[PDB]
$ cat start-v7.cif   # mmCIF, N, CA and C atoms
data_entry
loop_
_atom_site.label_atom_id
_atom_site.label_comp_id
_atom_site.auth_asym_id
_atom_site.auth_seq_id
_atom_site.Cartn_x
_atom_site.Cartn_y
_atom_site.Cartn_z
N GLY A 1 4.64 7.65 15.59
CA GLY A 1 3.71 8.77 15.61
C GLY A 1 2.70 8.62 16.75
N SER A 2 2.22 9.76 17.22
CA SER A 2 1.25 9.78 18.31
C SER A 2 0.30 10.97 18.15
N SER A 3 -0.85 10.85 18.78
CA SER A 3 -1.85 11.91 18.72
C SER A 3 -2.32 12.10 17.28
N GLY A 4 -3.55 12.59 17.15
CA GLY A 4 -4.13 12.82 15.84
C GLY A 4 -5.33 11.90 15.60
N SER A 5 -6.25 12.38 14.78
CA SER A 5 -7.44 11.62 14.46
C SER A 5 -7.74 11.71 12.97
N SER A 6 -7.26 10.71 12.24
CA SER A 6 -7.47 10.67 10.80
C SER A 6 -6.91 9.36 10.23
N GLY A 7 -7.72 8.31 10.34
CA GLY A 7 -7.32 7.01 9.84
C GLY A 7 -8.47 6.35 9.06
N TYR A 8 -8.16 5.98 7.83
CA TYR A 8 -9.15 5.34 6.97
C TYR A 8 -8.77 3.88 6.70
N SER A 9 -9.74 3.15 6.17
CA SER A 9 -9.52 1.74 5.86
C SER A 9 -9.87 1.48 4.39
N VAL A 10 -8.87 1.03 3.65
CA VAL A 10 -9.05 0.74 2.24
C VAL A 10 -8.58 -0.69 1.95
N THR A 11 -8.86 -1.14 0.74
CA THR A 11 -8.47 -2.48 0.33
C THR A 11 -7.38 -2.42 -0.74
N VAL A 12 -6.25 -3.03 -0.42
CA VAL A 12 -5.13 -3.05 -1.35
C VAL A 12 -5.24 -4.27 -2.26
N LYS A 13 -5.16 -4.01 -3.56
CA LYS A 13 -5.25 -5.07 -4.54
C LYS A 13 -3.91 -5.21 -5.27
N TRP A 14 -3.28 -6.36 -5.05
CA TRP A 14 -1.99 -6.62 -5.68
C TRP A 14 -2.11 -7.93 -6.47
N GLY A 15 -2.40 -7.77 -7.76
CA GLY A 15 -2.54 -8.92 -8.64
C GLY A 15 -3.23 -10.08 -7.91
N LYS A 16 -2.61 -11.25 -8.02
CA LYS A 16 -3.15 -12.44 -7.38
C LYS A 16 -3.31 -12.18 -5.88
N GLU A 17 -2.37 -11.41 -5.34
CA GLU A 17 -2.40 -11.08 -3.93
C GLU A 17 -3.57 -10.14 -3.62
N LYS A 18 -4.12 -10.30 -2.43
CA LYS A 18 -5.24 -9.48 -2.01
C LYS A 18 -5.07 -9.12 -0.53
N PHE A 19 -5.41 -7.88 -0.21
CA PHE A 19 -5.30 -7.40 1.16
C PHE A 19 -6.52 -6.56 1.54
N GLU A 20 -7.30 -7.08 2.48
CA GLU A 20 -8.49 -6.39 2.94
C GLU A 20 -8.37 -6.06 4.43
N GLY A 21 -8.49 -4.77 4.72
CA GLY A 21 -8.39 -4.31 6.10
C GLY A 21 -7.01 -3.72 6.38
N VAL A 22 -6.59 -2.82 5.49
CA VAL A 22 -5.30 -2.18 5.64
C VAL A 22 -5.47 -0.88 6.43
N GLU A 23 -4.42 -0.53 7.15
CA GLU A 23 -4.44 0.68 7.96
C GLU A 23 -3.86 1.86 7.16
N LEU A 24 -4.75 2.77 6.79
CA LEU A 24 -4.35 3.94 6.03
C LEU A 24 -4.64 5.20 6.84
N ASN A 25 -3.79 6.20 6.66
CA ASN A 25 -3.94 7.46 7.37
C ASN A 25 -3.84 8.61 6.38
N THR A 26 -4.59 9.67 6.67
CA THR A 26 -4.59 10.84 5.81
C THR A 26 -3.85 12.00 6.49
N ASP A 27 -3.92 12.01 7.81
CA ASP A 27 -3.25 13.05 8.58
C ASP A 27 -1.77 13.08 8.22
N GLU A 28 -1.28 11.93 7.77
CA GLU A 28 0.12 11.82 7.39
C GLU A 28 0.25 11.80 5.86
N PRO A 29 1.52 11.67 5.40
CA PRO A 29 1.80 11.64 3.97
C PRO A 29 1.40 10.29 3.36
N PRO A 30 1.34 10.27 2.01
CA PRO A 30 0.97 9.06 1.29
C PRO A 30 2.12 8.06 1.29
N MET A 31 3.29 8.54 1.69
CA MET A 31 4.47 7.70 1.73
C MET A 31 4.33 6.61 2.79
N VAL A 32 3.55 6.92 3.82
CA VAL A 32 3.32 5.98 4.90
C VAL A 32 2.53 4.78 4.37
N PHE A 33 1.35 5.08 3.85
CA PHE A 33 0.49 4.04 3.31
C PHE A 33 1.26 3.13 2.36
N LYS A 34 2.22 3.72 1.67
CA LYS A 34 3.04 2.98 0.73
C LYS A 34 4.14 2.24 1.49
N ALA A 35 4.49 2.79 2.65
CA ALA A 35 5.52 2.19 3.47
C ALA A 35 5.02 0.87 4.04
N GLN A 36 3.70 0.78 4.19
CA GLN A 36 3.09 -0.42 4.72
C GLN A 36 2.92 -1.46 3.61
N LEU A 37 2.36 -1.01 2.49
CA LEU A 37 2.14 -1.89 1.36
C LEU A 37 3.41 -2.71 1.10
N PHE A 38 4.54 -2.12 1.45
CA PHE A 38 5.82 -2.78 1.27
C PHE A 38 5.89 -4.08 2.08
N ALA A 39 5.25 -4.05 3.24
CA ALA A 39 5.24 -5.21 4.11
C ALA A 39 4.00 -6.06 3.80
N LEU A 40 3.16 -5.52 2.93
CA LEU A 40 1.94 -6.21 2.54
C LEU A 40 2.18 -6.95 1.22
N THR A 41 2.86 -6.26 0.31
CA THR A 41 3.16 -6.83 -0.99
C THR A 41 4.63 -7.24 -1.07
N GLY A 42 5.49 -6.27 -0.82
CA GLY A 42 6.93 -6.52 -0.86
C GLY A 42 7.62 -5.58 -1.84
N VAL A 43 6.83 -4.67 -2.40
CA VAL A 43 7.35 -3.71 -3.35
C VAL A 43 7.62 -2.38 -2.64
N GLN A 44 8.62 -1.67 -3.13
CA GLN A 44 8.99 -0.39 -2.55
C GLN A 44 7.80 0.56 -2.58
N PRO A 45 7.84 1.57 -1.67
CA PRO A 45 6.77 2.55 -1.59
C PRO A 45 6.86 3.55 -2.75
N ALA A 46 7.88 3.37 -3.57
CA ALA A 46 8.09 4.25 -4.71
C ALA A 46 7.61 3.54 -5.98
N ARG A 47 8.15 2.35 -6.19
CA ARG A 47 7.79 1.57 -7.36
C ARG A 47 6.32 1.14 -7.28
N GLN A 48 5.81 1.13 -6.06
CA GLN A 48 4.42 0.75 -5.83
C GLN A 48 3.48 1.82 -6.36
N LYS A 49 3.01 1.60 -7.58
CA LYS A 49 2.10 2.54 -8.22
C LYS A 49 0.72 2.43 -7.56
N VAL A 50 0.51 3.27 -6.56
CA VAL A 50 -0.76 3.27 -5.85
C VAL A 50 -1.78 4.10 -6.63
N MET A 51 -2.68 3.40 -7.30
CA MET A 51 -3.71 4.06 -8.09
C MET A 51 -4.81 4.62 -7.19
N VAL A 52 -5.69 5.40 -7.80
CA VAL A 52 -6.79 6.01 -7.07
C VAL A 52 -8.08 5.86 -7.89
N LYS A 53 -9.20 5.91 -7.18
CA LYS A 53 -10.49 5.79 -7.83
C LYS A 53 -10.43 6.42 -9.22
N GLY A 54 -9.75 7.55 -9.29
CA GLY A 54 -9.60 8.27 -10.55
C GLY A 54 -8.39 9.19 -10.51
N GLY A 55 -7.29 8.66 -9.99
CA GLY A 55 -6.06 9.43 -9.89
C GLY A 55 -4.92 8.57 -9.34
N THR A 56 -3.83 9.24 -9.01
CA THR A 56 -2.66 8.55 -8.47
C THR A 56 -2.29 9.13 -7.11
N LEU A 57 -1.78 8.25 -6.25
CA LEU A 57 -1.38 8.66 -4.92
C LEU A 57 -0.08 9.46 -5.00
N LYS A 58 -0.08 10.60 -4.31
CA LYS A 58 1.09 11.46 -4.30
C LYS A 58 2.15 10.87 -3.37
N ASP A 59 3.20 11.64 -3.15
CA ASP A 59 4.29 11.21 -2.29
C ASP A 59 4.56 12.28 -1.23
N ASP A 60 4.62 13.52 -1.69
CA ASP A 60 4.87 14.64 -0.80
C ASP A 60 3.72 14.75 0.20
N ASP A 61 2.52 14.89 -0.33
CA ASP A 61 1.34 15.01 0.51
C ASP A 61 0.10 14.64 -0.31
N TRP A 62 -0.97 14.31 0.40
CA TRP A 62 -2.21 13.93 -0.24
C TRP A 62 -2.76 15.17 -0.96
N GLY A 63 -3.01 16.21 -0.18
CA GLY A 63 -3.54 17.45 -0.72
C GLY A 63 -5.06 17.50 -0.60
N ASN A 64 -5.53 17.31 0.63
CA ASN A 64 -6.96 17.34 0.89
C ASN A 64 -7.67 16.42 -0.11
N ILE A 65 -7.12 15.23 -0.26
CA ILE A 65 -7.70 14.25 -1.18
C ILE A 65 -8.99 13.69 -0.58
N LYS A 66 -9.92 13.38 -1.46
CA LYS A 66 -11.20 12.84 -1.03
C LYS A 66 -11.05 11.33 -0.78
N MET A 67 -10.71 11.00 0.46
CA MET A 67 -10.54 9.61 0.84
C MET A 67 -11.78 9.07 1.54
N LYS A 68 -11.88 7.75 1.59
CA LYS A 68 -13.01 7.11 2.23
C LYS A 68 -12.61 5.69 2.66
N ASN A 69 -13.27 5.22 3.70
CA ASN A 69 -12.99 3.88 4.22
C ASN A 69 -13.93 2.88 3.55
N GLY A 70 -13.32 1.93 2.85
CA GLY A 70 -14.09 0.90 2.17
C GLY A 70 -13.67 0.79 0.70
N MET A 71 -13.22 1.91 0.16
CA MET A 71 -12.79 1.95 -1.23
C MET A 71 -11.76 0.86 -1.51
N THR A 72 -11.21 0.91 -2.72
CA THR A 72 -10.21 -0.07 -3.12
C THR A 72 -8.98 0.63 -3.70
N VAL A 73 -7.82 0.11 -3.33
CA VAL A 73 -6.57 0.68 -3.80
C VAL A 73 -5.86 -0.34 -4.70
N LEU A 74 -5.58 0.09 -5.92
CA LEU A 74 -4.91 -0.77 -6.89
C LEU A 74 -3.41 -0.47 -6.87
N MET A 75 -2.63 -1.53 -6.81
CA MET A 75 -1.18 -1.40 -6.80
C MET A 75 -0.55 -2.11 -8.00
N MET A 76 0.55 -1.55 -8.46
CA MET A 76 1.26 -2.12 -9.60
C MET A 76 2.77 -1.99 -9.43
N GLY A 77 3.44 -3.13 -9.41
CA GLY A 77 4.88 -3.16 -9.25
C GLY A 77 5.37 -4.57 -8.92
N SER A 78 6.67 -4.76 -9.07
CA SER A 78 7.28 -6.05 -8.79
C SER A 78 8.54 -5.87 -7.94
N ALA A 79 8.75 -6.81 -7.04
CA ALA A 79 9.91 -6.77 -6.16
C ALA A 79 11.06 -7.55 -6.81
N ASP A 80 11.85 -6.83 -7.59
CA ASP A 80 12.99 -7.44 -8.27
C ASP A 80 14.09 -7.72 -7.25
N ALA A 81 14.44 -8.99 -7.13
CA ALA A 81 15.48 -9.40 -6.20
C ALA A 81 15.86 -10.86 -6.48
N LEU A 82 17.05 -11.22 -6.01
CA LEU A 82 17.54 -12.58 -6.20
C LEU A 82 16.65 -13.55 -5.44
N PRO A 83 16.55 -14.79 -5.99
CA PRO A 83 15.73 -15.82 -5.37
C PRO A 83 16.43 -16.40 -4.13
N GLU A 84 16.36 -15.63 -3.05
CA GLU A 84 16.98 -16.05 -1.80
C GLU A 84 16.00 -16.90 -0.99
N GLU A 85 16.56 -17.76 -0.15
CA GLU A 85 15.75 -18.63 0.69
C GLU A 85 14.64 -17.83 1.36
N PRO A 86 13.45 -18.48 1.46
CA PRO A 86 12.30 -17.84 2.08
C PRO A 86 12.44 -17.79 3.60
N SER A 87 12.11 -16.64 4.16
CA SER A 87 12.19 -16.45 5.60
C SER A 87 10.96 -15.71 6.11
N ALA A 88 9.93 -16.49 6.44
CA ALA A 88 8.69 -15.92 6.94
C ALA A 88 8.02 -16.93 7.87
N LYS A 89 7.25 -16.39 8.81
CA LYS A 89 6.54 -17.23 9.76
C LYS A 89 5.05 -17.24 9.42
N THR A 90 4.35 -18.21 9.99
CA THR A 90 2.92 -18.34 9.76
C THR A 90 2.65 -18.70 8.30
N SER A 91 2.74 -17.69 7.45
CA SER A 91 2.51 -17.89 6.02
C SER A 91 3.80 -17.66 5.25
N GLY A 92 3.84 -18.20 4.04
CA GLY A 92 5.00 -18.07 3.19
C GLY A 92 4.61 -17.59 1.79
N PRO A 93 5.63 -17.09 1.04
CA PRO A 93 5.40 -16.60 -0.31
C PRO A 93 5.20 -17.76 -1.29
N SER A 94 6.04 -18.78 -1.12
CA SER A 94 5.96 -19.95 -1.98
C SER A 94 6.56 -19.63 -3.35
N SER A 95 5.97 -18.64 -4.00
CA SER A 95 6.43 -18.23 -5.32
C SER A 95 7.95 -18.05 -5.31
N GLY A 96 8.62 -18.90 -6.08
CA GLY A 96 10.07 -18.85 -6.17
C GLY A 96 10.60 -19.91 -7.13
#

$ encode --input "start-v7.cif" --output "structure tokens"
Amino acid sequence: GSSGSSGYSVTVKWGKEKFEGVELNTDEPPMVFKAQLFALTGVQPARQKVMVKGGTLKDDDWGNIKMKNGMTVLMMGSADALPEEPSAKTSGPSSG
């Protein structure tokens, strides 16, 4: 994607896992923000129940949602998959 001005910063909370300083955009669909969480948590952008201050994140479109930079995003889901060898650099999952 290119051009456009609409990017917010929220905090993704995934159980024990924590993510502060995530790149979120409103100009685009909520599927994107969830597309990232996938690389942040490891759960699909669908199974990833992205909660809201007082609602749930849509998929088709936000819908002029009242977003803000600094808030907190709660996520709920698990990445069901076989216990395959870990393949990551810098940091690792460990959990296995």

$ residues_near_point --input "start-v7.cif" --point "(0.5, 2.7, -11.5)" --cutoff "10 Å" --atoms "only C-alpha atoms" --output "list in words"
residues 47, 48, 49, 50, 51, 52, 55, 56, 57, 74, 75, 76 and 77 of chain A

$ closest_residue --input "start-v7.cif" --among "A:53, A:41, A:25, A:31" --to "residue 72 (chain A)" --atoms "all atoms listed in the file"
A:53

$ select_by_dssp --input "start-v7.cif" --residues "chain A" --states "helix (DSSP H, G or I)" --output "number ranges by chain"
A: 30-40

$ resolve_selection --input "start-v7.cif" --expression "the PyMOL selection byres ((chain A and resi 80) around 8)" --output "ChimeraX atom specification"
/A:42-44,77-79,81-83

$ resolve_selection --input "start-v7.cif" --expression "the PyMOL selection byres ((chain A and resi 12-15) around 5)" --output "number ranges by chain"
A: 10-11, 16-19, 73-75

$ closest_residue --input "start-v7.cif" --among "A:92, A:63, A:7, A:86" --to "residue 30 (chain A)" --atoms "only N, CA and C atoms"
A:63

$ decode --input "start-v7.cif" --residues "chain A" --atoms "C-alpha atoms" --output "PDB file, in the first residue's frame"
ATOM      1  CA  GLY A   1       0.000   0.000   0.000  1.00  0.00           C
ATOM      2  CA  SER A   2       1.014   3.592  -0.626  1.00  0.00           C
ATOM      3  CA  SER A   3      -0.289   7.096  -0.034  1.00  0.00           C
ATOM      4  CA  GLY A   4      -2.802   7.934   2.669  1.00  0.00           C
ATOM      5  CA  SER A   5      -2.707   9.415   6.152  1.00  0.00           C
ATOM      6  CA  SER A   6      -4.346   7.356   8.872  1.00  0.00           C
ATOM      7  CA  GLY A   7      -2.176   5.302  11.196  1.00  0.00           C
ATOM      8  CA  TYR A   8      -2.721   4.731  14.898  1.00  0.00           C
ATOM      9  CA  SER A   9      -0.688   3.039  17.605  1.00  0.00           C
ATOM     10  CA  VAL A  10      -2.263   0.588  20.022  1.00  0.00           C
ATOM     11  CA  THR A  11      -1.048  -2.068  22.430  1.00  0.00           C
ATOM     12  CA  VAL A  12      -1.759  -5.708  21.674  1.00  0.00           C
ATOM     13  CA  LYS A  13      -2.278  -7.912  24.707  1.00  0.00           C
ATOM     14  CA  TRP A  14      -1.887 -11.637  24.162  1.00  0.00           C
ATOM     15  CA  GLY A  15      -2.035 -13.505  27.450  1.00  0.00           C
ATOM     16  CA  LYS A  16       1.475 -13.892  28.814  1.00  0.00           C
ATOM     17  CA  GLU A  17       2.648 -12.331  25.572  1.00  0.00           C
ATOM     18  CA  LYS A  18       2.723  -8.552  25.356  1.00  0.00           C
ATOM     19  CA  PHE A  19       3.180  -6.193  22.432  1.00  0.00           C
ATOM     20  CA  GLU A  20       3.620  -2.453  22.808  1.00  0.00           C
ATOM     21  CA  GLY A  21       4.068  -0.217  19.787  1.00  0.00           C
ATOM     22  CA  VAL A  22       2.084  -1.992  17.096  1.00  0.00           C
ATOM     23  CA  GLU A  23       1.380  -0.431  13.721  1.00  0.00           C
ATOM     24  CA  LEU A  24      -2.351  -0.057  13.211  1.00  0.00           C
ATOM     25  CA  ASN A  25      -4.173   1.685  10.389  1.00  0.00           C
ATOM     26  CA  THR A  26      -7.754   2.863  10.047  1.00  0.00           C
ATOM     27  CA  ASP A  27      -7.680   3.990   6.435  1.00  0.00           C
ATOM     28  CA  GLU A  28      -7.571   0.279   5.700  1.00  0.00           C
ATOM     29  CA  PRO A  29      -9.670  -2.694   6.830  1.00  0.00           C
ATOM     30  CA  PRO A  30      -9.418  -4.329  10.261  1.00  0.00           C
ATOM     31  CA  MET A  31      -8.161  -7.442   8.513  1.00  0.00           C
ATOM     32  CA  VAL A  32      -4.781  -5.777   8.152  1.00  0.00           C
ATOM     33  CA  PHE A  33      -4.270  -5.072  11.835  1.00  0.00           C
ATOM     34  CA  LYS A  34      -5.177  -8.708  12.366  1.00  0.00           C
ATOM     35  CA  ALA A  35      -2.853  -9.718   9.555  1.00  0.00           C
ATOM     36  CA  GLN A  36      -0.007  -8.299  11.609  1.00  0.00           C
ATOM     37  CA  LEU A  37      -1.038  -9.709  14.968  1.00  0.00           C
ATOM     38  CA  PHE A  38      -0.483 -13.008  13.200  1.00  0.00           C
ATOM     39  CA  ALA A  39       3.218 -12.229  13.041  1.00  0.00           C
ATOM     40  CA  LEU A  40       3.030 -10.771  16.529  1.00  0.00           C
ATOM     41  CA  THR A  41       1.201 -13.610  18.239  1.00  0.00           C
ATOM     42  CA  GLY A  42       0.979 -16.389  15.679  1.00  0.00           C
ATOM     43  CA  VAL A  43      -2.788 -16.727  15.532  1.00  0.00           C
ATOM     44  CA  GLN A  44      -4.830 -16.284  12.377  1.00  0.00           C
ATOM     45  CA  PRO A  45      -6.421 -12.890  11.686  1.00  0.00           C
ATOM     46  CA  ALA A  46      -9.750 -14.673  11.927  1.00  0.00           C
ATOM     47  CA  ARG A  47      -9.411 -16.755  15.069  1.00  0.00           C
ATOM     48  CA  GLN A  48      -7.731 -13.737  16.616  1.00  0.00           C
ATOM     49  CA  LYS A  49     -10.599 -12.277  18.608  1.00  0.00           C
ATOM     50  CA  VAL A  50      -9.577  -8.633  18.565  1.00  0.00           C
ATOM     51  CA  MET A  51     -11.567  -7.023  21.353  1.00  0.00           C
ATOM     52  CA  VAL A  52     -12.341  -3.331  21.662  1.00  0.00           C
ATOM     53  CA  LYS A  53     -12.590  -0.855  24.513  1.00  0.00           C
ATOM     54  CA  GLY A  54     -16.255  -1.794  24.380  1.00  0.00           C
ATOM     55  CA  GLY A  55     -16.789  -3.803  21.218  1.00  0.00           C
ATOM     56  CA  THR A  56     -15.268  -6.182  18.698  1.00  0.00           C
ATOM     57  CA  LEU A  57     -13.075  -5.511  15.686  1.00  0.00           C
ATOM     58  CA  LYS A  58     -14.860  -6.020  12.387  1.00  0.00           C
ATOM     59  CA  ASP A  59     -13.430  -7.713   9.319  1.00  0.00           C
ATOM     60  CA  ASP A  60     -15.105  -6.080   6.344  1.00  0.00           C
ATOM     61  CA  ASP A  61     -14.474  -2.546   7.542  1.00  0.00           C
ATOM     62  CA  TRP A  62     -14.068  -0.538  10.725  1.00  0.00           C
ATOM     63  CA  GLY A  63     -17.036   1.719  10.077  1.00  0.00           C
ATOM     64  CA  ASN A  64     -15.846   5.113  11.257  1.00  0.00           C
ATOM     65  CA  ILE A  65     -14.816   3.478  14.511  1.00  0.00           C
ATOM     66  CA  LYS A  66     -13.571   5.725  17.292  1.00  0.00           C
ATOM     67  CA  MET A  67      -9.917   4.743  17.355  1.00  0.00           C
ATOM     68  CA  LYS A  68      -7.060   6.303  19.285  1.00  0.00           C
ATOM     69  CA  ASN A  69      -3.317   5.886  19.670  1.00  0.00           C
ATOM     70  CA  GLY A  70      -2.341   4.586  23.089  1.00  0.00           C
ATOM     71  CA  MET A  71      -5.362   2.427  23.825  1.00  0.00           C
ATOM     72  CA  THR A  72      -5.087  -1.303  24.403  1.00  0.00           C
ATOM     73  CA  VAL A  73      -6.164  -4.181  22.193  1.00  0.00           C
ATOM     74  CA  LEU A  74      -7.085  -7.496  23.771  1.00  0.00           C
ATOM     75  CA  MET A  75      -6.613 -10.651  21.735  1.00  0.00           C
ATOM     76  CA  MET A  76      -7.921 -14.160  22.295  1.00  0.00           C
ATOM     77  CA  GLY A  77      -6.969 -17.276  20.370  1.00  0.00           C
ATOM     78  CA  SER A  78      -4.505 -20.132  20.056  1.00  0.00           C
ATOM     79  CA  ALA A  79      -2.317 -21.288  17.193  1.00  0.00           C
ATOM     80  CA  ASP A  80      -3.215 -24.954  16.914  1.00  0.00           C
ATOM     81  CA  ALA A  81      -0.433 -26.767  15.098  1.00  0.00           C
ATOM     82  CA  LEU A  82       1.949 -29.691  15.414  1.00  0.00           C
ATOM     83  CA  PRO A  83       5.001 -29.212  17.643  1.00  0.00           C
ATOM     84  CA  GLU A  84       7.456 -28.640  14.818  1.00  0.00           C
ATOM     85  CA  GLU A  85      11.053 -27.582  15.342  1.00  0.00           C
ATOM     86  CA  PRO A  86      11.412 -23.896  16.236  1.00  0.00           C
ATOM     87  CA  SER A  87      12.631 -21.626  13.464  1.00  0.00           C
ATOM     88  CA  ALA A  88      13.154 -18.035  14.543  1.00  0.00           C
ATOM     89  CA  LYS A  89      16.016 -15.572  14.802  1.00  0.00           C
ATOM     90  CA  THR A  90      16.931 -13.180  17.589  1.00  0.00           C
ATOM     91  CA  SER A  91      14.182 -14.391  19.892  1.00  0.00           C
ATOM     92  CA  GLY A  92      12.439 -17.739  20.170  1.00  0.00           C
ATOM     93  CA  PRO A  93       9.057 -19.065  21.322  1.00  0.00           C
ATOM     94  CA  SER A  94      10.526 -21.649  23.667  1.00  0.00           C
ATOM     95  CA  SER A  95       7.046 -22.852  24.545  1.00  0.00           C
ATOM     96  CA  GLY A  96       6.900 -26.360  23.132  1.00  0.00           C
TER      97      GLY A  96
END
